[PDB]
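First comes the structure, then the notes that go with it.
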2 protein chains.
Amino acid sequence: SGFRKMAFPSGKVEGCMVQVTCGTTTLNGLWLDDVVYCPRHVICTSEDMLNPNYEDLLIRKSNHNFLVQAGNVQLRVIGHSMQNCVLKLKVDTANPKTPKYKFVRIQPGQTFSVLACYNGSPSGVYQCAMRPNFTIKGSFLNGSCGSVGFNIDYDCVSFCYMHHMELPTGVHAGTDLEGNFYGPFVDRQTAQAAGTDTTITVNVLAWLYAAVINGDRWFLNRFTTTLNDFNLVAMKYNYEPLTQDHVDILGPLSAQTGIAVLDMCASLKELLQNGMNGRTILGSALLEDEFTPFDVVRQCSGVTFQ
Amino acid sequence: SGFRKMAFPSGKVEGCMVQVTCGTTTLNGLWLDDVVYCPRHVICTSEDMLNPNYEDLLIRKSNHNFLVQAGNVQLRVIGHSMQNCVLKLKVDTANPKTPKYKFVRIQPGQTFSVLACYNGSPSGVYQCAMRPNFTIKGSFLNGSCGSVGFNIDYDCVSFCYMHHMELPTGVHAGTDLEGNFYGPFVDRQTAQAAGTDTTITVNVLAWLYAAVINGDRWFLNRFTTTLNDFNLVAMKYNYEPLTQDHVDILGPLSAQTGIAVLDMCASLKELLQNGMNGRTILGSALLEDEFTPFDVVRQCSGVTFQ
Ligand SMILES: *[C@@H](CC(=O)OCC)[C@H](C[C@@H]1CCNC1=O)NC(=O)[C@H](CC(C)C)NC(=O)[C@@H](NC(=O)OCc1ccccc1)[C@@H](C)OC(C)(C)C
Ligand SMILES: *[C@@H](CC(=O)OCC)[C@H](C[C@@H]1CCNC1=O)NC(=O)[C@H](CC(C)C)NC(=O)[C@@H](NC(=O)OCc1ccccc1)[C@@H](C)OC(C)(C)C
């Protein structure tokens, strides 16, 4: 039993991290087969921060203007190209520890593991969700750009995030591994701001089911609700609407606990209208929304503590 | 910026996990050089759960009664010995991915990363503290025994925990890597219970400093306190006493923020007496006590958001 914010084991990704240097700028790259992926702002200077023209900056570079370092060996760049906001460096050496991998672009509300890296060296791993406003509440300092987010499925690593920037509220923004930003952000230091965020309703519900599976029932009640009436309450507390698709996704958790999805919605409505009254749920004093239904099934026992 | 429960990268430990089988019982082992470490209760039967005599059970075994599996290769046991509550299996093959490592026994209030494993296969990583009552609030199911907890320092892995058992309240108990239990627990299914726990005061204070470093000051106040008067309040809220050693450990965080340790103690006292009043600190609605001062320094920027 127990329930923890659980990252995937990071070893398959640690073997892919390198250091990329252009000019005097250094950040992290992702080395897969004979290509190194990294944020294109590594070709910026201190002056090209406000409105850089990256196509113009890039045509001014040669292959030998880039330095790639894997551990304590240098990799020679033998070709380069820009793809959206990522740079791809073709290197003379295929990464021997390349895992089975995919590039995936995730939907808001999906979670992933982040391997924070500095100077090509992994420093930590934590679990993140893509917020509805397409930011992540990460932990990133200078030098962290090029750190990647990923999920792991049967030894296949699905890379879904590369880190590019921090917003004024302290949340983080970046791209898929093809260099497309999540959300409306761009990789320049012009005024940008995270939109208003909302709570990921389907994940709160999954997490309440986790709490039931682990033996805690105190927040349940005898009431039910309709999908429409729930969403009227959801809107009022800045929760995302719950769709029939979300209802169907919660199916297995409903079945293992015997609690119908809309019965758990009436529990959540009561928690929203009344608070927790000094109580905790799975050790938390607020409603957690960064566990997907898949995260709950992955970590919880398949037999509920009846 | 940001602040997350951050585990160490787990790759160096993933390379050491194997599956150990004796009879029909299977659990996880730690493969370092030519020795596999695993909990001795792998030699138990369904009948030898209440009061097993492990010396008696073990003399009845041969080397060929143990099966060690690393990935999809079998390792042959060429020798065995019991050390406290761990079994050591000498194997014919030295682990080629053995990292630089140490065995360390940690004090209560220290944190570590846990690589949860099932059948020798890593499944997740999360961050734990050794509670003052020598339990950890982990996430462990059947099959998880032999999973290990560790810290990483300059590519040296310090193993500090091996998982053995769950207590009725859902918290977890285990040993150092020499097989000595943390706390008064024993590896048999006789009635045992976690003692009353207390909050790790020095860690709460470190975490308040993290919040200051990341730009949040709302909970500070103009007051100070003496060490003695703080601890009188600490006792009242089931917090551990703060020692002069704890004061000195918080030194660097005090210096980076300009907030004297005893001034932050007067802030904590106010938070304890008044609550948060609907506010959060680093996104949390309760006072977090599973970040050591060292954890804060490791993750936070060295320059405070003034
Ligand atoms: C990765 C590379 C790096 O370290 O470069 C250092 C010079 C960083 C990761 C950041 C740094 C701190 N935490 C992080 O996650 N990314 C960057 O430095 C970004 C480079 C841009 C060219 C994309 N810049 C920022 O992250 C920047 N944000 C930003 O400018 O947003 C646009 C903006 C919003 C409001 C007002 C003006 C501009 C950060 C560094 O600036 C602050 C003030 C928002 C923190
Ligand atoms: C690891 C090996 C395993 O899976 O064996 C399965 C048969 C597990 C890890 C546990 C299982 C669930 N979550 C975990 O972390 N360890 C064990 O099964 C332990 C083997 C003993 C021989 C040490 N047993 C327990 O963990 C057991 N606790 C226990 O008996 O504590 C003593 C006790 C306390 C009060 C009353 C009676 C006995 C668990 C499985 O039992 C419960 C009821 C406390 C959950």
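Residues displayed in chain A correspond, in order, to Swiss-Prot positions 3264-3569.
This deposition comes from X-ray crystallography, 1.9 Å.
Backbone N, Cα and C atoms are what each Cβ position is placed from, and that goes for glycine too.
Pulled from Swiss-Prot, these are the features on record:
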type	residues	note
DOMAIN	A:3264-3569	domain 'Peptidase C30'
CROSSLNK	A:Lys3268	ubiquitin cross-link
ACT_SITE	A:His3304	active site, for 3CL-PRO activity
CROSSLNK	A:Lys3353	ubiquitin cross-link
ACT_SITE	A:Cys3408	active site, nucleophile
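Feature map: Swiss-Prot annotations on the structure.
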residue   : record                            : DSSP (3 states)
A:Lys3268 : ubiquitin cross-link              : coil
A:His3304 : active site, for 3CL-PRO activity : helix
A:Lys3353 : ubiquitin cross-link              : strand
A:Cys3408 : active site, nucleophile          : coil
So which of the recorded positions A:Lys3268, A:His3304, A:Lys3353, A:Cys3408 sit close to ligand 1, that is, with a CB under 6 Å from an atom of it?
A:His3304, A:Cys3408
From the recorded positions A:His3304, A:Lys3353, A:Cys3408, keep only those with a C-beta under 8 angstroms from any C-beta in chain B, and list them in sequence order.
none
Whole-number answer please: how many Å between the C-alpha atoms of A:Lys3268 (ubiquitin cross-link) and the residue listed as 'active site, for 3CL-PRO activity'?
32
Quick test of your reading of the structure: among the recorded positions A:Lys3268, A:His3304, A:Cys3408, whose CB sits under 6 A from ligand 2?
none
These are the recorded positions: A:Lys3268, A:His3304. Which one scores highest on other Cβ atoms within 10 Å?
A:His3304
Across all the protein chains here, work out how many other Cβ atoms are within 10 Å of the Cβ of A:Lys3353 (ubiquitin cross-link).
15
Packing count at A:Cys3408 (active site, nucleophile) (other Cβ atoms within 10 Å of its Cβ):
25
Using C-alpha atoms only, work out the spacing between A:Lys3353 (ubiquitin cross-link) and A:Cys3408 (active site, nucleophile) and round it to an integer in Å.
19
May I ask for the distance between A:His3304 (active site, for 3CL-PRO activity) and the residue listed as 'active site, nucleophile', taken between their Cα atoms and rounded to an integer number of Å?
9
